[PDB]
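Chains as they are written, first to last, in the entry's author numbering: chain W, 1 to 71; chain X, 3 to 170.
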Amino acid sequence: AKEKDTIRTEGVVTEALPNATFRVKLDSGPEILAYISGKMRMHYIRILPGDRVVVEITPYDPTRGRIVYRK
Amino acid sequence: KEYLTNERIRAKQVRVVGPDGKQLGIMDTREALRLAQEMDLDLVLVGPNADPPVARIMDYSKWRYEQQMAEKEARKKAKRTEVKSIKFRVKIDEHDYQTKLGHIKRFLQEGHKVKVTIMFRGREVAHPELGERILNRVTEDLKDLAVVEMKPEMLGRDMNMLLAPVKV
Numbered sequence: 001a002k003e004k005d006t007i008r009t010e011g012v013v014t015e016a017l018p019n020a021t022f023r024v025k026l027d028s029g030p031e032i033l034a035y036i037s038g039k040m041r042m043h044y045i046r047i048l049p050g051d052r053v054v055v056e057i058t059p060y061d062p063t064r065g066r067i068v069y070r071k
Numbered sequence: 003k004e005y006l007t008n009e010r011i012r013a014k015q016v017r018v019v020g021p022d023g024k025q026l027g028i029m030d031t032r033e034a035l036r037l038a039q040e041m042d043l044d045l046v047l048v049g050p051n052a053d054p055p056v057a058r059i060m061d062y063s064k065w066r067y068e069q070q071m072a073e074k075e076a077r078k079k080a081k082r083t084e085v086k087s088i089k090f091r092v093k094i095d096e097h098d099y100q101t102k103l104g105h106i107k108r109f110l111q112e113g114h115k116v117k118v119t120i121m122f123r124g125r126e127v128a129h130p131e132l133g134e135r136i137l138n139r140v141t142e143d144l145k146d147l148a149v150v151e152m153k154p155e156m157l158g159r160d161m162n163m164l165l166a167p168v169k170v
């Protein structure tokens, strides 16, 4: 079916976990371990804490975000 | 530093000084030499810059040794304590940070001044907010052992503080 559902909200990069996973605190609030986007990985786009990044977030589990855009 | 001893002295009349401080006045150099020989010592020109050169009957080698000892003392009293440096990073985890802190503490105890630089590398823009915060935290942690000699001074791809021991 492919559901259009996600929230394209931004956030501050709090902390770098392994893989390229980050606890990023959003515009609105809650910090979710957010993993980097595949696209980003492909174009080698690094992130460090102290950044403002676009983070696509799921309806099923609003706890695992996905860092979409290059900052 | 060093002088002319007995045979090295070529000047004819010299002022003769004793083992402790025996003023023998301006005598001949030969006479002085003879005196030294009698004493089983050596006449050494201690003030070549003085009225018919001032020359002490002494054990020259002994004097030299004494001088050397004094020099050594001076350089051992020059305080071996210096700067220990501890490059931190931006993304430094907790355990590692604590280890670093411990190291710093040890250095302080030893007596050392501590260059507590934060290494930066990539973005180096958000740097002060996080890096500065980290530095502040470090300072807070060492409130009791370390007085901040400095304040965070960004030069290269980094920012350095120095730290000093609280009480000497």
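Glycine residues also receive a C-beta, built at the ideal position from the N, C-alpha and C atoms.
What's the call for residue i, buried or exposed, on a 16-neighbour Cβ count within 10 Å?
i: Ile7/W; result: exposed
i: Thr83/X; result: exposed
i: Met71/X; result: exposed
i: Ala34/X; result: buried
i: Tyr62/X; result: buried
i: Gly124/X; result: exposed
i: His97/X; result: exposed
i: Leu110/X; result: buried
i: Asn19/W; result: exposed
i: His43/W; result: exposed
i: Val170/X; result: exposed
i: residue 174/X; result: Nothing can be reported for residue 174/X, as the shown portion of chain X is limited to 3 through 170.
i: residue 2/X; result: Outside the displayed span of chain X (3 to 170) sits residue 2/X, for which this structure offers no information.
i: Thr119/X; result: buried
i: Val168/X; result: exposed
i: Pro55/X; result: buried
i: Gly11/W; result: buried
i: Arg10/X; result: exposed
i: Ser37/W; result: buried
Among all the DSSP beta bridges, which residues are the ones paired with residue i?
i: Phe90/X; result: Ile120/X
i: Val18/X; result: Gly27/X and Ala57/X
i: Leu33/W; result: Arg23/W and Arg64/W
i: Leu43/X; result: Paired residues: none, contrary to the question.
i: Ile7/W; result: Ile57/W
i: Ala16/W; result: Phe22/W
i: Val85/X; result: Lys115/X
i: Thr101/X; result: According to DSSP, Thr101/X bridges with nothing at all.
i: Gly38/W; result: Answer is none; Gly38/W lacks a bridge partner.
i: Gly49/X; result: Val56/X
Among the options, which has the Cα closest to the Cα of residue i?
i: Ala148/X; options: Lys107/X, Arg139/X and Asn51/X; result: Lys107/X
i: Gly27/X; options: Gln39/X, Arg58/X, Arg36/X and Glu4/X; result: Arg58/X
i: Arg66/X; options: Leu164/X, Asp146/X, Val56/X and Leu6/X; result: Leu6/X
i: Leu33/W; options: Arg66/W, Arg70/W and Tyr44/W; result: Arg66/W
i: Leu132/X; options: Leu144/X, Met161/X and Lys81/X; result: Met161/X
i: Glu40/X; options: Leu144/X, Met60/X and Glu142/X; result: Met60/X
i: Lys81/X; options: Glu126/X, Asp22/X and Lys115/X; result: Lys115/X
i: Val92/X; options: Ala1/W, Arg41/W, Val55/W and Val13/W; result: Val13/W
i: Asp30/X; options: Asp22/X, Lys102/X, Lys89/X and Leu45/X; result: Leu45/X
i: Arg41/W; options: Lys4/W, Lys71/W and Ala1/W; result: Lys71/W
Between residue i and chain B, is there a C-beta pair that is closer than 8 angstroms?
i: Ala20/W; result: Of the chains in the structure shown, none is chain B; the protein chains are W and X.
Interface residues of the stretch 105-135 of chain X facing chain W [CB-CB below 7 angstroms]
Those would be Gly124, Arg125, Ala128, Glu131 and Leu132, in chain order.
Ignoring anything shorter than 3 residues or poking outside the stretch 142-169 of chain X, list the beta strand (DSSP E) runs there in chain order.
Counting whole runs of 3 or more residues, the stretch 142-169 of chain X contains the beta strand (DSSP E) stretches 148-150 and 164-167.
Output needed in chain order: residues of the stretch 83-106 of chain X with a Cβ under 9 angstroms from some Cβ in chain W.
Those would be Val92 and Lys93, in chain order.
I'd like the ranges of any beta strand (DSSP E) spanning at least 3 consecutive residues and lying wholly in the stretch 42-68 of chain W.
For the stretch 42-68 of chain W, the full-length beta strand (DSSP E) segments reaching 3 residues or more read 52-57 along the chain.
Mind listing which residues of the stretch 43-54 of chain W have their C-beta closer than 8 angstroms to chain X's C-betas, in chain order?
From the stretch 43-54 of chain W, only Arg46, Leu48, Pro49, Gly50 and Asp51 have a Cβ closer than 8 angstroms to chain X.
Beta carbons nearer than 7 angstroms to chain X: which residues of the stretch 22-35 of chain W have them?
Flagged: no residues at all.
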